[PDB]
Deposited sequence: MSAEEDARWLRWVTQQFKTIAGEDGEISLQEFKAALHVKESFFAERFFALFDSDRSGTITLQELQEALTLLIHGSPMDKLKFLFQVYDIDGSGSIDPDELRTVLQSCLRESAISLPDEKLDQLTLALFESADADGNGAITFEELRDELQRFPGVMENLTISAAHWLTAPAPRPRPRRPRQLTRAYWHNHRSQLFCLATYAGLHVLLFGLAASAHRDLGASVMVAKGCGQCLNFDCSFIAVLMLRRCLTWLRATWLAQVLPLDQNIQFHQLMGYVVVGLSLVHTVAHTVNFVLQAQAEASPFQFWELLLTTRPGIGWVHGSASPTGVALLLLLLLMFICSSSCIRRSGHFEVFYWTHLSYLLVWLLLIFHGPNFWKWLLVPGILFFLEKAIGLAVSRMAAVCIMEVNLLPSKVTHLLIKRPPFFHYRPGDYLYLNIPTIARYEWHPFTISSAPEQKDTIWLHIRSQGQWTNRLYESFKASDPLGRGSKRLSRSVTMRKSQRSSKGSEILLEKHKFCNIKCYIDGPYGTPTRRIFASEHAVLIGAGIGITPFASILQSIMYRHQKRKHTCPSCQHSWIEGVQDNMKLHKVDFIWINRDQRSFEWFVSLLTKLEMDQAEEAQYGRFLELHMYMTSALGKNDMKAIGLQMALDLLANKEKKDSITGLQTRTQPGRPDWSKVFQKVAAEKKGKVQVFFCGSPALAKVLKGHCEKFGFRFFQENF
């Protein structure tokens, strides 16, 4: 009852700020035009609201500033993965407000009847109706990913008509417009792009495609970083982000596990289900993860489906762990040296809570790989523990965090340092169960 409200404590606050700014502008422009009777008042209010929307709807779509903002506490508080579907909501309110604006001014013109404004307004109305119609989900559900882009590129014409349609619109558009164009000028053909080539595409079960793309000769990424994959064979101008699910110590390839959860990522699987093709990835982005390897007995916890970076992190952890098992050639002596300058872990736990393994079968097979690779060493010491709960049937059902944390605190391998990747409700439950045992809780953005 309060956990559901706790997850959306930020989306609700952003929507409340939005509706509050709209009611503020509406009432403000309805007070300053009270003498005009009920038809220019509504129309001028909606005019101010349009001035705001048609201008900031573009500062939402800054996928160059979103990457930098998505690494910080600013991302910890307000959601930035919802920017596409907050932008769609700003588009829907632009359409509704412009409709009531047109209707208000039409009724006003009729009352006055009992060349910039009206003709440029008919032009704006036709353009916004075209963007509305040719920006629905049916345009991209069918394999028309280039009709959407072109017929939705008319926001330039919308802004152009809107400059010499609204007298004071340019003042609004100046800041978000210049920011949008400066970001479009920062990112060009080979700004950060790298024309990589798929070495192979496996089709894992339950509609998830595994892309082994060539690693560009100089590509350095921390474990847990993502990249904006682009495949002109699926969609020419779409750049979708995906977490790299391979440890950086893997020098030959870059893995990407792409789950069929949309209309592009689904088009990928549908096209390869019916390889060396073109791709243009865009850089590694992500939060620094040195807090995990410069730790002791890290307890990684992951809920839901945002645990693709935990695959990369666990693979890197086990790579660095196996990289400190030395064997002498002469006398075959096999010793283990100390924690050395990259990883300081003596133990690692990985607790994965989920509803099921619907799309995460590759994840379970990868964890099985790691557990079996290090399990033949488990007679003297265990380094990676894997708990995988399912909550819908591996120990079925939710954890009992009191018991789990008490067992973690039973054996002492150092200063336990919990890390979390999930919902803020479970984050509250975790910090509550965690401050009792003195574990240094964390929560990663990814």
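S.K.: Note down, first to last, the deposited-sequence stretches for which the model contains no C-alpha atom.
M.R.: Several stretches lack coordinates - namely 1 to 181, 296 to 318, 479 to 514, 634 to 666, in sequence order.
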